[PDB]
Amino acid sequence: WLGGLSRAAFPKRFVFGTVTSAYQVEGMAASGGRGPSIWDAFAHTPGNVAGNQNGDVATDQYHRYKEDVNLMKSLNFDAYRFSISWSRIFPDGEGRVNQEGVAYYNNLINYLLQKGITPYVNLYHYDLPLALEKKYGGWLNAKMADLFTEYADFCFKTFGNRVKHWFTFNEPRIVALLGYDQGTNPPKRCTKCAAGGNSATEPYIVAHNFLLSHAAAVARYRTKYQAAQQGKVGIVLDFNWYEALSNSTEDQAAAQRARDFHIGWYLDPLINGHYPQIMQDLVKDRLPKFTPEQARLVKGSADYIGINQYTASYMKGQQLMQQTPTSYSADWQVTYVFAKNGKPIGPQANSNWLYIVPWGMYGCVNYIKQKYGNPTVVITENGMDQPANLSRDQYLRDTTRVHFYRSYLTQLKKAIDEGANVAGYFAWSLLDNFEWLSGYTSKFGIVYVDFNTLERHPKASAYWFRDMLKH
């Protein structure tokens, strides 16, 4: 069951929470004044999502939020990570404020605080207002720094007297990779793609604009709001572990290149004020250059680093070669390997990419500790999924997820006990929800949602957390 885990097993004041995102749980997608996001358009196109499903209703947290807050309190959590939908506040992304949308987030924030749950609020979670994509070209346009800063400024002004823990973005790497390299997520851009694109250049432009936008929003917070509000702003980055397949110089170099192209892409700017040297060396003029002023704005602009952690891969490499650029992915010059000594690195959850590898959690956390001066880290996503078509009772008896959290949290504890500066941990997700391309066919919740009736039922993993987290 608990395997020796409890509040006592983690540092004093360590924060435990659950996480959702706006489009994945709110519903009321075209109601309450909300304007469309790029995901509304994408999900409404036949063939784009499993079963042609979409987030129109999702879990209907918009109507049920007091139920869900009551539930998280009953499970002994300290905090809730959620996102504000930009197009719920500004239907066109700029200009007119939707007061009904503002009222929803006020109501949610106020109820959280009433119930003793700390809000950790993300400003952006893949849901760019569609109007901004069409008018400006979204994250390809450097003007996004201004547009995002004005949106952030409004949120700081309106909610920041109560909200003290912000994040700007969720997983800029995934937007760059899936939206602009592979072209499998909105705006579906890539070298071969019908929408246009260039997999060798656009991912780097987009990443750069996320970094500049984050920096501009934080500078606005620090200069205009922080003295009065006394809160913090971070950023959420995905990081999955890479382990050299062998101890060869080439395999070790490959694993390190992968780390640099994956997490270094953002952390070297945010902590050290420059892109990783290897990215400079290999990507050359396709990697934008920060001016000294921009680099100084970006360096130190995250008060904490959210890390989204799921899995690990073995990496194989060879000698670096001169090659015609094709894509961000190809630029790494690495070979993924998912077995060693005839054994898979771990069993898979429902998602094909999700190998259950608890030691990857230690790997990631220790790596950031040792390489980047031990910055304050919050694990802002960790969890696993069940498949579609199970019975209610099969969903509830989620013994594999219980094992997942016990093992991964044991590994996190190992890193923390060795000195890693981890301040909190958030389980993805409180609720089964809309899993992007997988629609409702992937179930990540510690709480089961019946998508016919919308009823919530805590799974065994929810009660595991309740027991572990009891005060």
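Heads up: residue numbers just count along the shown sequence, starting at 1.
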Of 158 to 166 and 190 to 198, the stretch whose C-alpha atoms average the higher B-factor in the entry: 190 to 198
Stretch with the higher entry mean CA B-factor, where the candidates are 110 to 118 and 310 to 318: 310 to 318
264, 138, 101, 325, ranked by C-alpha B-factor: the highest one: 325
Given 250, 133, 398, 238, the residue at which the Cα B factor reaches its maximum: 250
Cα B factor band for residue 46 (lowest, middle or highest third within the chain): highest
Among modelled residues of the same chain, the CA temperature factor third for residue 299: lowest
Third of chain Cα B-factors occupied by residue 290: highest
CA B-factor placement of residue 11, once the chain's modelled residues are sorted into thirds: highest
Chain third (lowest, middle, highest) by recorded CA B-factor, residue given as residue 37: middle
